[PDB]
Every structure is written in C-alpha cells, then in structure tokens.
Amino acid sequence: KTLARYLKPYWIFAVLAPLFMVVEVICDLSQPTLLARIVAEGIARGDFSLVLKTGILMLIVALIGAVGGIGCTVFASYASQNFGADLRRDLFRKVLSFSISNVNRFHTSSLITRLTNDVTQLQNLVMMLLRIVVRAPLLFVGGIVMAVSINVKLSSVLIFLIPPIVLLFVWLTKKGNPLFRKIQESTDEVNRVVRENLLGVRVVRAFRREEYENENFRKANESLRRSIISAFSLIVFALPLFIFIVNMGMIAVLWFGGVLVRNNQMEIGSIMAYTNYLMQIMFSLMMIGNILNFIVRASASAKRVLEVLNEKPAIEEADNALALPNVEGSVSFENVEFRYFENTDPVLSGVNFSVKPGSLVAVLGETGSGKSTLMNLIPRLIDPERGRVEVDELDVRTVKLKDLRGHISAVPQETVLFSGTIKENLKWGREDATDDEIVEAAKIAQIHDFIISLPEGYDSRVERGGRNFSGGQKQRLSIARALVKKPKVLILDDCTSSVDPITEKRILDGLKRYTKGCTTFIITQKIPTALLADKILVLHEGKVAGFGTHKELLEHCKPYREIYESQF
C-alpha cells in the first residue's frame, strides 16, 4: 500500500499507457473485418474505387494501432522506471539514516539486493500491470459477452470450469511466495561470499585458502540455483495443468452444445462462431494467471523493501530538539552506563567526569578499556543505557544531530577514505572550505608535502578506502579532513599509530599551535605525547580509573603507573 505512493507523481503516464493499449486493441480487432471488406467487397465486386477506399482505411487503422502501440510502450516505460528510481533514492536515504546496529540486522550484502534486485522485481510488476491492467479484463469481459450473445445456456458450463482455476492460482500464491523469498535470500548469500572475497583478497592469497573460497562460493551458488529450480518448478507444472483444464473447456462446450443442438436450443451455424470467442476467453484467462505469477514474485520483494523503509534507526532526532548553531566545548559525562548487548557485561559503567572548554584531555588505557566507545558517545553515534552525555551543559539527545555532529570532528582509529580526489576527500568536513583552508589543514597534518609531490596534486585519484596510500599517509589525510571542518570539539583515536616519531612530533606540536580554543580529546598509547595535555583521563576494565595531572596519577592511579613503567 505504501509502495503505491511512488507511482502517484507519475499518474498521467500511468493512466495513458493502458488507455493507449485499448487504441491498439480496437485496431487489431478491426484487422479481420477491414481485410475482408477489401477482398469480399472491393476485389470481388471489381470496383477499383472500393479497393483503394478500404486500402487507405486499413493502412490508417494500422497507423493508429502503431501510434497506440508505441505510445503504450513509451508511457509504461516512463511510469515504471520512475517508480523504481524514486523508490531506490528513498531507500538509500533510509539506509543513510541507519546506525551500524540497523545495518547489522539487514546484513550489508542483503541491503545491496534490497536496493537493486528487490526494486527491479517491483518495477517490472508495475511495467507488466501498465500494459495489461485493462487489456486482459476487457478482452475477458468482451469475450464472455460474445459467448452469452450466441447462447446463454451454453455459457453456463463456462462458470463450471472456474473452481479448479481459482483453486490453482491460490495454490501458486500459498506455495509460491515463500519460495521466491528464498531466491532473494540466496542472492544475499552469493553477494556475501563475493563481497568478503573482494574485501580481503590479500588474506585469501596469503593463507592459500583460494580453493576453500571457491568451495565457499560453490556451496552458495548451488544453494541459489536449487532455490530457483524449486520455485520455477511450481510454474512449469501449474501452467500446463491450467492449459489442460482450459482445453477441457472446449470438450465441455462441444459435449453440452451437442445436447443443445439435439434438443434444438442452439443453431448449427452458431457453434462455428462460439469456438473462436471461447478461445479468446481462455487466452484472456491466461493473462489473469500471468499477473498472479508476477504478483507472487513481487510480494516477496515488497516485504523485503518495506521492512527496510519501516526500520527505525537506533539514533533519532527529538521533536523538540534544540538547534545548536554555536558551541563552546563543554563535554560532560553524568554517571554513564553503556552496553553493546543486553546479555554481555557493561562496556562502560560509573563514568562521571567533566571537561573544561578548549582544554586538551589525553585518553589512556589498556586494549579493550572502552576509549573508542567513550568517544563515540560525544557525536551521538551511540546512546547510553543509564546516565546522560552532555555538550555545553545540554543532553546530546535533546540537540539537533546535523548541528551537533557539525561542531564535532573525529579521526577514527581505523582510517577509511573514499573514492574520488584528495581535494574532495578533505572537503568532507567543510564543503564551503577555501583552497588556502584545505592546504593549511594538510600543512598541519604534514601530508601537504606528499600531495604536491604527486603529478595531479590535490586532484589526484583516491581509491576505495584509500588503498593507494601508505598506513600513516591515509592517517595524515584523516587528520587534515577533521581539521578542515574547524571544530569546537575534536576527537583523535590513536591519531599517529602508523606515523614515524619525527613526523609524529611535527603533527602533535602543530596541533597544539593551531587547535587552541578547541576542546581536543587525544587517545594515545604514549606517555610523552600524553604529557602535552592539560588533564589525563585513564580508563581500566570499563570503569574510569583516574582523571587529573601526571603527578596525581603517578601517586594514586595504579593502571596509569603500569602504563608509565611499560615505557619508562
């Protein structure tokens, strides 16, 4: 019902396409009568004046039929393709609104199918309907009208053959629909196998599991073709079985008609014409079965498409969400308790601290403390189970997301770049950024020297994920990307993990010189880089272990000392 609205703005073409089919149909039904008039009346009588009179008329009705035929094809192609194009963009808009927990429900590989293959199946149904939505019922009603006109009593057996027909296209609905869903579910698996192989080909080659992956694919490819043959066997059996009952209708007409002529209720000349219009009823009945064969395939795709559109994202903006045009950088955590899953233990628990605006806070702790998780709460990527996160003494939930995320820039622990140019990738932060502004951010990130050394400069090609750059190269590009946005709150998750000590110093001392006033959070595994900060936040086993100066932590915080001893 919701999917029907996607065709509403293209209703002009949606009503013209079946209307133009009628124009063709009336012209093709006129063909036997117009070709009879040119020979039996024109040629037979001999008058050359009637030969051309009917001759010009038949060529004109063929031209009206051609214009009507091409018109129907054009208007049906418009409304169906536009239905799909609008649904594809409205689905991708919903996919963009999703959190990672929403993308984890409908597996990444399945969503690709839902936005391409599932749309195509719904698009083709609209295309199929547009051409024969009025052609099939009018030829069926018009056909039975011609059967009743000849003989009403003989038309009584035409009612008797409907029960096995209705019992057959209902069997095709109940058994059919879940089987076409299994094909679309099997395409998600072949998508998953080909996706994981493309995104991790180096691991496959290095561990020589190439034969293992071919078997991993063969198991998915066989399961796919088995799902196809199992759902299409349901049609290769029903269609000839239907055709049989259809042809049995002729025998039912000849037998009962024989009884009628024997009892003188039907004429001998009447049976000759009845045979022709009976085949027309049967041919039109096949079209009503064909739409049901397309409906059962589209119904499985419609369920898959609708559940994506009906999925509410984990993070949603409030109705009374206050707009934040200007921020100071007052990050506060009020007894924050977080869990990734209900069954698991709390990832973060009893987290209560406040950060001064403009101050630099060094985040430290052992692997799996919750440093990356604690940071993700600030740009509202995740929300806590108990307690609240605040920016400028305001609960992050009660603030507009575009406004809040606009003032918070981040450098993720696992740096991911996008396909395009270096200039485009840096403008990801601020789109209104000047050429001097992007160069300044790259100069602070020490990546500027490399970008200029390239033949294309800032317009140099960037591959998917930034695979055409070194470890610390794409890392330095991510720093330059966040800097461009000009934040009030900056988050740096192991900022220089893949960067050498010399370049590390140039970036760190460079940031302290130009990120003055911005509240900077720096996750680090190094004590010398941590000493640069105004205050040091230390996490251990989920809970906050310490918060304060270097001296305070060396004398009170046990895990900070453990981290200090491991280096000095």
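Each residue number is its position in the shown sequence, starting from 1.
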Mean temperature factor over C-alpha atoms, higher-scoring stretch between 255 to 263 and 412 to 420: 255 to 263
Decide which of the stretches 513 to 521 and 40 to 48 has the higher mean C-alpha B-factor, going by the entry. 40 to 48
From the entry's CA B-factor values, the highest among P137, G370, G406, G358 is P137
Pick out which of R181, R380, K153, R481 has the highest C-alpha B-factor in the PDB entry. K153
Considering only modelled residues of the same chain, in which third does the CA B-factor of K543 rank: lowest, middle or highest? middle
Here the Cα B-factor of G365, set against its chain, lands in the third termed lowest
CA B-factor placement of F207, once the chain's modelled residues are sorted into thirds: middle
By the recorded C-alpha temperature factor, relative to the other modelled residues in its chain, which third is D395 in? middle
B-factor third for the C-alpha atom of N216 within its chain: middle
